[PDB]
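Okay, here we've got a single chain as structure tokens, the form deposited in one PDB entry, with questions on binding and movement later.
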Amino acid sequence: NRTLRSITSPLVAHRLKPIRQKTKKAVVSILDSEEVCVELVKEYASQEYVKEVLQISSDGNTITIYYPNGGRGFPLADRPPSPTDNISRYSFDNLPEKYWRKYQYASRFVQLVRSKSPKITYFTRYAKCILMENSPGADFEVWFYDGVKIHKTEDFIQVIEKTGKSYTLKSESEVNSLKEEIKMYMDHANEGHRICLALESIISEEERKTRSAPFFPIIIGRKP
């Protein structure tokens, strides 16, 4: 009784800008509509062809599957070809098992994009703070005006000094063992993170009550 949820949640492409990533086996697109397409590609004599398409909704719950050109395929393009009347469609929890891995190409890619997609940008006296869209436990980058950079993940905290010297902090035991000057930077970043999380929370609540256009992303303040 292994399920698709076991492996992944439904992807979430809201507020993400269009982007197209080409690998050897698959091409993955976030469209202008915020739908996510996986084009599966075969090479026939120095030319890429699209033989299968998965068209996933922006909330990841609906998967439409089709085979361009009645299974013969079309040459690869900038955009994925459109469905005809010949389609199969599934809900997330009804998607057959053979499509699971191909859904993951999309999930994994959407998580990557989110993790580099600014949700809240917050200019301080010393830093530019960015909370990314890949919640929960979203990434947080802090670009100090003097050149220092701190990047928080749910796995580690990377620090890059002005030199370009860099190291990872995998622990909380590690955090405190630093050189005081670096602990100041780290403190400012934690301050910035708290503020961005509070504002995310309150603005999100207002968004939910308000029938209107998105309140994200936001840019708060300006650079000195």
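For every residue, the number given is its place in the sequence shown, counted from 1. For clarity, a rigid core is taken as the largest C-alpha set superposing within 1.5 Å between two forms.
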query: Absent coordinates for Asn86 in a third or more of other compared entries; finding: yes
query: Comparing 58-66 with 152-160, the one whose average Cα B-factor in the PDB entry is higher; finding: 152-160
query: Mean C-alpha B-factor comparison - 113-121 and 98-106, higher one; finding: 98-106
query: Out of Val36, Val53, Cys196, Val175, residue topping the C-alpha B-factor column of the entry; finding: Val175
query: CA B-factor ranking of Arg20, expressed as a third of its chain; finding: middle
query: Assigned third (lowest, middle, highest) for the C-alpha B factor of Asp85; finding: middle
query: CA B-factor ranking of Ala45, expressed as a third of its chain; finding: highest
query: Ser29 by Cα B-factor - lowest, middle or highest third of the modelled chain; finding: lowest
query: Chain-relative CA temperature factor third for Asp139; finding: lowest
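What comes next is about the form deposited in another entry, which does not appear here.
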item: Cα displacement of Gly71 between this form and the one not shown reaching 2 Å, rigid core superposed; value: yes
item: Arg211: Cα shift of 2 Å or greater between this form and the one not shown (core-aligned); value: yes
item: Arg211 and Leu31, C-alpha gap in the other form relative to this structure (3 Å or more); value: closer
item: Shift in CA distance, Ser57 and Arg211, in the other form relative to the form shown here, given it is 3 Å or more; value: closer
